[PDB]
Every structure is written in C-alpha cells, then in structure tokens.
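Worksheet: the structure to be examined is printed underneath.
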Amino acid sequence: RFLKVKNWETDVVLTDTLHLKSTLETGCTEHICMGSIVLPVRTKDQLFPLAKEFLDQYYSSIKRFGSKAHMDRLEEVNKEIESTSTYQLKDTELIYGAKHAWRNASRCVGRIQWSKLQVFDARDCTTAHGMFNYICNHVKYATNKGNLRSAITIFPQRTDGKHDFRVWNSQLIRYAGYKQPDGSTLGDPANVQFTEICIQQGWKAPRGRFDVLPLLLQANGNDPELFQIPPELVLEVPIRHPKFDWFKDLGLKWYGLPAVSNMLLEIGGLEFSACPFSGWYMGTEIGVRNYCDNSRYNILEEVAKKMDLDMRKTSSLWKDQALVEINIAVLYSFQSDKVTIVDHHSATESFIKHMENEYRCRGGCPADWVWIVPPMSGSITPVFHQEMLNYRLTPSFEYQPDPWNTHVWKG
Amino acid sequence: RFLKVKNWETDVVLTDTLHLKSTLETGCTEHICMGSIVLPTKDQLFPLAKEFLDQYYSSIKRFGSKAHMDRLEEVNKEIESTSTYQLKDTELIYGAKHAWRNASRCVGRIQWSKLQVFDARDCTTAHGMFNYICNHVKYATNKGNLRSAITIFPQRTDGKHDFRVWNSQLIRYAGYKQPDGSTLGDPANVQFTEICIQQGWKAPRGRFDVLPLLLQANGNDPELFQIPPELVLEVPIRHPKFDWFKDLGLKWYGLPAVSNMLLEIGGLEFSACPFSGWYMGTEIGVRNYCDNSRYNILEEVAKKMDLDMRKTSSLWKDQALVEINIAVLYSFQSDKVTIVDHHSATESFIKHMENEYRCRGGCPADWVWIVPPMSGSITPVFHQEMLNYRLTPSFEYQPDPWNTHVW
Ligand code: HEM
Ligand code: HEM
Ligand SMILES: Cc1cc(N)nc(C[C@@H]2CNC[C@@H]2OCCCCCc2ccccn2)c1
Ligand SMILES: Cc1cc(N)nc(C[C@@H]2CNC[C@@H]2OCCCCCc2ccccn2)c1
Ligand SMILES: C[C@H](O)[C@H](O)[C@H]1CNc2nc(N)[nH]c(=O)c2N1
Ligand SMILES: C[C@H](O)[C@H](O)[C@H]1CNc2nc(N)[nH]c(=O)c2N1
Ligand SMILES: [Zn+2]
C-alpha cells in the first residue's frame, strides 16, 4: 500500500511505503485520534522474532542479506537465546541500533544529524561509580568546549527487570527546583520532586535559582547513588540581549548540553533502560518552553514589564512581543559564546530536506507534527505546512516510568 | 473505553466518554496516525434519522415520550414513501447548532448555542440564493458588531439537483496570474477567479477585488452576482506605532463566512449552508498575510522595520510577524469590527472544553487546528491534550463543484 503526504505551501506530494514495516500500536483507532496525547522480563517466544527482524534489517543495511555471515549470526543468536534466555549485540549492531532509534524518533526535528552519533559502549559497567565516570566522559566529549557533538552512552541491558541500570535524572544537566513554604518556587518548577529526592538522599542544596542537580545513579537494580558532575565540565551561557542592556540583569543563564537520560532504548527486543543521549539545543526549547511556560521559569511578565509593553490587554500582543525578544537573546547569547545552537527556522528547513530525502531513499519518515512544529511562530516555519505520518519503527526510544515509582528499595 | 485527557500546565485531568457515541472514521489506524493530514438509500437513512431524533428528544427531556415515538413513526413513514424526509424547524436549528458544537477544528465553539439560523429551504433559484445571502451578510455584519449566522438552502435529493455556493467563503479576494510570472491579489483564488472570468465577470484586476458569488440552484448551472459593495465591511490595516504601515495598502474584510462545506443532520445533506462568525486575528495576520502561498508580506514588512535580514537567527521573520498581527488587531478594534485575539480565544476554548466535559462527557478537538499558528505554547491549548473524533450532526468538506458539475 501507498500513503501520500502533501505540503500545502509547495504542493510537493510524497509517497510513504515505510509505514508497512511498522508493527507497534499508535494509540489511535479508526474512531479516535490520540495524536495530541503525550503518553498514548520478556519471554523466549517474543524475543527471537524481534532479534531476527532486527538482524534482517542490519544485514540488509550492510548489503549482506542472506549471506553466510547473516545466517551464522541468526543461528548464533537463536542458540544464545535458548541457552541463556537473552543475547548480546555485537558492537557494530549496537551502533547501528542506536543510530536507527534516533532516525526513527518521530518527535525529533533534529534527525538530519542521525548518522553522526558517537556511541559509547558502557555495557561492561557494573557500579554506580562506574556509571558516573562514563557520564562525565560523555559530557566532556559531547560538550567539546562549545562545539557540541552528538553522543549516546549505553549501559547494560535489562535482564530480569530486577537488576536495571537507570539514570534517575530526566536529563544529565538540569537545575534544582525548591517549593517554598509560601507556595512560590525557587529555580525550575519542573524539577521539584526530583530535587526533594536528591535532598532526601543527602544532597546539600545551595538553594539558588540555577543549582545544577547531582546525578542519581542506579546500577544493577541497586539503590541509586548521588554524584556531583565536576562543575568545570558543565558549560553554561549567561543570557543577554543584543539591544537591551537590562536583559543581563534578569540573571538568566542556561546550560549548553541537552542530554535526555530517562528513555529506554529498544534494539532487537533488548531493553537498554539507561542510555543517556545528547545533541544541541534548538533555541525555542530554552527561550519558549524553559523560560516562558507558566509552569517553568515563567519570565514573560518581568520581561514585558522591562520592555514597557502595554500589558492591560492581551490584544496588544505583549506576550508575543516579549517572547520574540527572549528568544533573540538566547540565540545571541549562545552564538556569542560559541556554543552550538540552532534557530527554529534553520532546524525546520533542514528537517524538511531530511524528510524528503528519507521518503526518496527509505520510503518514509515517521514524524509527529504536534512535536515537530516549534512552540512559537508555527506557520512561518515550513513544517507547519507539511503533512506527516506518525508510526512506530524499531529500534526506538521509549518513555519509561520514573524509577522512584517502581524501585524496590533495598536499604 | 473511558479516556483521560490531561492538561500539562495545570495537571487537570478530564474523562472523555462522549467519544463512544462517535460513528464516522478518523483516517487513523492502530498502525498509523493521520492527525496532520488536511483531508483524510432508504436503508441507510432511517438509522441516521433515528440516531438524530433520539438525541434531539433527549435534549428536550422527552426521550421515550409519545411525541418522540410519534415523530420516529412519522419520519419512518415519510422515508418509506418519499425516500427522504423533512426536518421540523426546531430540529433544523438544533442540528445546525450541534454541527458547530461538533466541529473539532473550531476554537470558537464557546459560542455554539448563539447561532442565528436562517431557514432557506424554500429557495428555488440562484437569484433567491443571492437575496438570502445578502440578508445573511447584512445580518451577521451588523455594522461591525458581528453576529454568528448560518443560512440553510434545500437538502440534497437525488444528487443531480444540488444547491452549491461555488465560492469557498462569501467574501474573498480575486487572484490573477501576471505576465511578470507573479501573482496579483490572493494566490489562493486564482482558479476560482478564472472560472468567474470565463463565466462572464469583468475583473478590475486589482490586489483586493471582492469576488462575485457563483450560485448554483437545483443542480442548475451556477450564475454570477456581485454582493452589494455597501454590504461588504472592509478594514484598512494600520499600526499603532509604525506610520509607514498604512502605505503597504493592506486591507481585510470583517466577515469570515465559510460557504463550501456540507451540513449533515439526521442523514440529510445540506450542500449549501454558508455560515459566519468573526475572525481570530491570526487567521488574517499570520495566515492570510504571511503564508508564502498567500499575500506573503513578511519580507516587505521586515524591510520597512529595517531588521537584519542576513541571518534567520536574528528572528526577523518572527519580529515582523508579531507587528503585522498587532496591526490587524488594532485596525479592527479602532474601526469597531468584532475580532478576537488568540490569547482570549484559546482561553475561552479551554473554559468551553471544561464545560463540555462536565456537561456532555467530552469535546472533540483537533489540536493541530486548535493551537494558533503563532506563539503556540504561550496559549493554554498547546498544553491541553485533546481527543479528536467525529460526531453528527457535522460540517464536512466536499469536492469543489467545478469538478463535479456537468454544464
Ligand atoms: C543534534 C541536535 C538535535 C536537535 C536540534 C534535536 C531537536 C529536538 C527537539 C527540539 C526535540 C523536542 C524537545 C522537546 O520539546 O522537549 C527533540 C526530541 C527528541 N529527540 Fe532530538 N534533537 C537532536 C539530537 C537528538 C539525539 C542525538 C537523539 C538521540 C540519539 C535525539 C532523539 C530525540 C528523542 C527520542 C526525542 C523525543 C523526546 C521525548 O519524547 O521526550 N535527538 N529533538
Ligand atoms: C464566532 C466566532 C468564531 C470563531 C472565533 C471561530 C474560530 C475558528 C478558527 C480560528 C478556525 C480555523 C480556521 C482556519 O484556520 O482556516 C475555525 C474553523 C472552523 N469553524 Fe469556527 N469560529 C467561529 C464561528 C464558527 C461558526 C459560527 C461555525 C459554524 C456555524 C464554525 C465552524 C467551523 C468549522 C466547521 C471549522 C473548520 C473549517 C474547515 O475545516 O475549513 N465556526 N473556527
Ligand atoms: C511525560 C513525557 C513523555 C515523553 N515522551 N517525554 C517527556 C519529556 C519532557 C516533556 N516536557 C519536558 C521534557 O522534555 C525534555 C527535553 C527534551 C530535550 C530533547 C533534545 C535532545 C537533544 C537535543 C535537543 N533537544 C515527558
Ligand atoms: C482542503 C480543506 C479541507 C478543510 N477541512 N477545510 C479547508 C478550508 C481551507 C483550509 N485552509 C484555508 C481554508 O480555510 C478557510 C478559512 C476558514 C475560516 C474559518 C472561520 C470561520 C468562522 C470564524 C473564523 N474563521 C480546506
Ligand atoms: C498536550 C500536548 O501534546 C503537549 O503540550 C505537547 C505539544 N507539543 C510538544 N512539542 C514538543 N516539541 N515538546 C513538547 O513537550 C510538546 N508538548
Ligand atoms: C499540514 C497541516 O495539517 C496544515 O498546514 C494545517 C495545520 N494546522 C492548521 N490549523 C488551522 N487552524 N488552519 C489550518 O489551515 C491549518 N493547516
Ligand atoms: Zn491519530
């Protein structure tokens, strides 16, 4: 079967066949679309088909499909599964797998970059201290003094589900949040619960507006342990505005390295529950969401106050005006300090070129419009006008529950 | 079977049961989401009529009453003997209001119960259609104090006698292709303008020429009529700060009046049902003015502002966007023509969603259309999970008549 998508600005029509290789569920049915819902131990029986489907894809990609090496590898994996109930990936397969999980991540606008991913194999790690060392090395490598390089660090896979490796942090670098007795929040309101856990675990909180959180690291299903990332490895950018000299006195800064650490990587039926990965920011992630969401730093009013905008009526568009200036500030600040960042025009234009290339060479590119369209200036980016098809391919990155909800405390 | 939607800003969780009543298909499957795609007999008719009459009698708290049973009976007999049926005025009004209530792509539905319904089922000719439409235009415009209205022409019969308004909206501007290779006017209306010219319209060949109506009665060949110029309320666009803005020579019309959709009520199909409300400012300032395939004015505005257009990262497009949108809202407000900004409209929609959840068990909403085309996440609807599903009565897309029609 063939499915078409249309760009309503260019009238370019593309044809998707790749969707035929999807087997996992979307959440939608013929009677309901759940496109805007944020969240819509394996047996031997389920495992070998998943391994075989993956190894078939891997051997096809290297133009060795049906070879003796391919057949030998299927046999080797089959035997390993029946003998040990699981199997181990070759390094080549792991690298291919991680790259493909990124290529398949339908909510990621940055995928033009997917084939350039440094994979750090941390499957020989056994302790939380060992995890800390791997993560420091990842941060230093990825940061590269501001010339950011995409990377992923992959810790041992799930075995019985009782021995999981997990990074409890949702990203490697994030700022603490503290709920005050008066109901206000100091720092980042997104991280209040996790900050409370860190403190309970023994972290000495500085209690400021941009305190970098400690890592809370779980190895082999043991209770997690706290570590402080060496501050010299945490690159940060003070935020200033090219025309407005009062902007610096808002005292804003952000970290350069966006590093998602709470997702589960599935490759060939194996589950990598600790697989922190990093790229670089698109400016709106910081300037629109982190700064201006009502439930985050929430700086819109204070900025618009300083700009002396007419704030008596929403129809003056004061919030929109202040929004643009904050985002100019973020891009200017990162660029001035030579820390990699991409604006939403550049990133979306590149994504459309990537998507068209994927259609032509791969037969499709699953994309979640709800997440791909930037959270400001939607229709002046080309992705707003692009029809997309959202479906699930493996290898993949998946959401998993926060570990404090499921962890069996040993004591 | 029972579904939750969460707002991620407020943590408020709502439970949707209303979706179980849905009957029509979304385009999605368990394998593929098509959320972002713009376009994804006697025996058939009585179940549709019954489903509708049941909801109607429920709504007036007479479900299972003698008058309910008698009406089902009457309608059954009428379909059996005539192959169709006629709605009571009360049913027609209820159905039209509910089609709007069910419109999952409409952010303005807090307003749904305040709809003036003009019953034009007695109309027989295109001149009649013109009269009804001028009256709708004048009523809805109300010298700038706009009032929501719909005018409902006769229902589909055998499908060879369709009433259609060929125009996509009652009021739109002509588009013409130039020797220059460029487009004069609205590029969205080139084909339609050409049909107009070929049918006899003499075009002024300007940038903002109000198109004539092309009206089709009783499956006849469509005829041309110019809407009295004095009934078309237009707004010159100026900026409260930029003195130069007025010299771009921009204007827009006050009355958004969709005329190309099909109203389905109780299985009956109303192929000409132009309806109107009032504008959300982004519709004109972001989409009509700044779409690359529309008036595409961003470049000109940015230049008069003297922005650095060297790099995308100076956010020059974004700055100019906000200013164009400020000017649209200012111009409409100064001339006292009803308009709503995207903050106010989306705030109202959230309130309406909560009302619908509390009172009806849900609200079908298409997030892709509901979230405004600028400043998405600083409006509350961005953070609101929505479930999209199709309820009847409904407004549906239908093929442009010029492909369908045989002359
Ligand atoms: C290289 C520069 C990159 C850019 C500019 C970029 C851009 C983005 C943006 C803007 C989002 C949405 C974020 C949000 O709204 O919270 C996102 C999501 C995501 N990206 Fe990327 N990305 C990059 C690299 C990567 C890498 C290296 C990976 C993994 C190898 C990745 C995988 C993902 C995944 C799985 C999501 C969904 C996250 C979720 O559901 O929470 N991206 N990307
Ligand atoms: C009263 C003020 C109203 C406001 C502020 C409003 C708001 C909007 C907006 C902003 C859109 C998106 C349009 C686009 O992006 O092209 C829309 C779509 C729509 N609205 Fe409304 N609306 C109003 C009245 C109405 C009325 C009176 C009806 C029917 C009686 C209606 C039914 C629809 C339908 C069916 C759509 C989808 C149209 C399509 O798919 O082309 N709305 N609404
Ligand atoms: C409940 C939930 C589900 C899900 N799939 N994903 C999340 C992630 C949350 C949603 N809101 C905030 C947070 O997003 C984290 C930031 C993602 C950074 C992605 C990125 C990666 C690399 C480069 C640039 N950007 C939460
Ligand atoms: C192909 C297609 C499908 C569809 N469902 N609807 C349309 C209508 C198209 C979609 N983009 C442009 C045009 O929309 C017309 C503008 C509708 C105005 C709606 C409105 C109605 C009332 C108040 C304010 N606004 C087109
Ligand atoms: C409810 C809704 O799906 C939610 O707010 C989504 C919308 N689109 C998004 N898009 C991105 N990139 N990131 C997000 O967190 C979200 N949040
Ligand atoms: C392809 C995509 O569905 C298309 O550009 C949509 C997106 N959201 C929209 N939202 C509204 N309100 N109106 C539109 O015309 C569109 N166009
Ligand atoms: Zn869907």
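Indexing begins at 1, ligand by ligand and atom by atom, following the structure's order. As a basis for the values below, the full set of heavy atoms in this structure was taken, side chains included, without hydrogen atoms, waters or symmetry mates. Residue numbers start from 1 in every chain, and the chains themselves are labelled A, B, ... in the order their sequence lines are given, proteins ahead of strands.
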Note: B/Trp367, heavy atoms under 4.0 Å from ligand 5, region reported as side chain
If you scan protein heavy atoms around atom 7 (C) of ligand 1, the nearest is A/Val109 CG1, 3.8 Å
Geometry only, no angles: is B/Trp8 polar-contacting ligand 5 at N/O separations under 3.5 Å? no
Quiz prompt | Check: A/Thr143 side chain, A/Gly146 main-chain N or O, donor-acceptor pair, under 3.5 Å | solution = no
Atom 5 (O) of ligand 5 has as its nearest protein heavy atom B/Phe382 O, 2.7 Å
If we number the atoms of ligand 5 from 1 as shown, the ones under 4.0 Å from a heavy atom of B/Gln384 are 1 (C)
Tested for salt bridge (charged side-chain N to carboxylate O under 4.0 Å, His left out) against A/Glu358, the lone hit among A/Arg111, A/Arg103, A/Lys353 is A/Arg103
Looking only at protein heavy atoms, what sits closest to atom 19 (C) of ligand 1 is A/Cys108 CB, 3.7 Å
Residue, atom and distance of the protein heavy atom nearest atom 4 (C) of ligand 1 read A/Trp280 O, 3.5 Å
| request: May I ask you to check whether A/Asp124 and A/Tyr134 show a side-chain donor-acceptor distance below 3.5 Å? | output: yes
Residue, atom and distance of the protein heavy atom nearest atom 39 (C) of ligand 1 read A/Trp371 CZ3, 3.8 Å
At the Zn ion (ligand 7), SG of B/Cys28 and SG of B/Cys33 open up to roughly (10° bins) 110°
- Under 4.0 Å between a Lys/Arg side-chain N and an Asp/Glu carboxylate O for B/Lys6 and B/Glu385? no
State plainly whether the residues A/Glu398 and A/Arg392 are in salt-bridge range, i.e. N to O under 4.0 Å. yes
heavy-atom search around atom 11 (C) of ligand 1 in the protein gives A/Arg107 O, 4.2 Å
Here the atoms of ligand 1 under 4.0 Å from any heavy atom belonging to A/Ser150 are 1 (C)
Closest to atom 38 (C) of ligand 1 among protein heavy atoms sits A/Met263 SD, 4.0 Å
| query | Quick one: do the B/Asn355 and B/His352 side chains pair a donor with an acceptor below 3.5 Å? | reply | no
Here the atoms of ligand 5 under 4.0 Å from any heavy atom belonging to B/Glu385 are 1 (C)
Numbered in order shown, the ligand 5 atoms found under 4.0 Å of a heavy atom of A/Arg289 are 13 (N), 14 (C), 15 (O), 16 (C)
Looking only at side chains, do A/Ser170 and A/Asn262 share a donor and an acceptor under 3.5 Å apart? no
Near A/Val370 (heavy-atom distance under 4.0 Å), the atoms of ligand 5 are 3 (O), 7 (C), 8 (N), 9 (C), 10 (N)
If you scan protein heavy atoms around atom 27 (C) of ligand 1, the nearest is A/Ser278 O, 3.4 Å
Backbone of A/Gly287 reached by a side-chain donor or acceptor of A/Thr284 within 3.5 Å: no
- [ ] Verify whether one side chain among B/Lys311 and B/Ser313 offers a donor that lies under 3.5 Å from an acceptor in the other.
- [x] yes
**Asked** With only distance considered, is A/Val38 within less than 3.5 Å of ligand 5 through an N or O on each side?
**Response** no
of all protein heavy atoms, closest to atom 29 (C) of ligand 1 is A/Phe277 CD1, 3.1 Å
Value for CG (A/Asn147) from NZ (A/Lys338), rounded to nearest 0.5 Å, stands at 11.5 Å
- prompt: Between B/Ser104 and B/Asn388, does any side-chain donor sit less than 3.5 Å from a side-chain acceptor?
  reply: yes
The answer for which part of A/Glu285 has a heavy atom under 4.0 Å from ligand 1 is side chain
